[PDB]
Each structure stands twice: as structure tokens, then as C-alpha cells.
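Participant: In the UniProt record's numbering, the protein residues as written are 2 to 90.
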DNA sequence: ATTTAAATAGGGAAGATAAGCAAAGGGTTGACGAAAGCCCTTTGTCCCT
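1) Since residue 86 is in the alpha helix (DSSP H), which residue starts that stretch and which ends it?
2) Would you kindly work out how many angstroms separate the C-alpha atoms of residue 83 and residue 73, rounded to a whole number?
3) At the level of alpha carbons, what is the spacing between residue 50 and residue 8?
4) Select from 21, 16, 48 the residue whose C-alpha is nearest the C-alpha of residue 38.
5) Counting only runs that start and end within the stretch 34 to 67, where is the beta strand (DSSP E) found for 3 or more residues in a row?
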């Protein structure tokens, strides 16, 4: 999923768990919390115009990153530092 | 204006079953998009001659 991670970081590409776009659309205020991520915490992601890339199944990065608790699995660092550094950046 | 007070209201048995509750048709349309790129303009800012 590195070929989709670098594509999302080549775009605007922000990841948050607290935003203000759910109240007013013209906000663009994004907050990521460090003390709230757990074993089932789901996060959201923003890029301009919601541009994405499939994975030869019909899934973007958001559909991959929330299924089977993958975000904690890259976040805790059990998949190596090759993708954990890209996730932390 | 006056006009009475006491005693008591029954026990029993039943309250029917059979049949069926239609069929087609339809259920509106129009407004309520941010981020980025591109040219054009109108006015701060320094200039000379």
C-alpha cells in the first residue's frame, strides 16, 4: 500500500481525528490527537477534491485503512519503520 | 305552624353451529459546489527631468 501512501502524500494529504468541516464546509481546520488513538479508533482524511486511487478492487486508501484495524497496525510499528514513518509524517 | 317510628327484596339451569371478506391502474419535476488555475484591472511605491 506504499504505492497509494506516496500518492496520497504527493497530494495535499492530511489525516485527522478532529476537524471542523463537519460543521461548516469553508473551515479547513484539522486536528490529530495523540492520546485518543486505540485498538478501534477510526480516523478521517482530507485531500483537495477528494482525489484518490484504486487498488484493483474498488477501494481507496480510506477503505483500506479502516478495515481490520490496519491503522493501528501501521501506527504501533509492527509492519516496520518503512511505512510507520510515512504514516507519522 | 305541623306530616312517626321500627322489621326485610329468594334460591337454580342454560346463553347454537356452517359457509364465505373481489379484481384491475398510477404514486412529478425544477433550483440549493469549494479548491485551483487563468488573465485583467486598479492602485501602493519608487522613479526622473
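For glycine and all other residues, C-beta sits at the position ideal for the given N, C-alpha and C.
Facilitator: According to the data block:
1) 82 to 89
2) 15 Å
3) Residue 50 and residue 8 have their alpha carbons spaced roughly 14 Å apart.
4) 16
5) The DSSP assignment places complete beta strand (DSSP E) segments of no fewer than 3 residues inside the stretch 34 to 67 at 45 to 47, in order along the chain.
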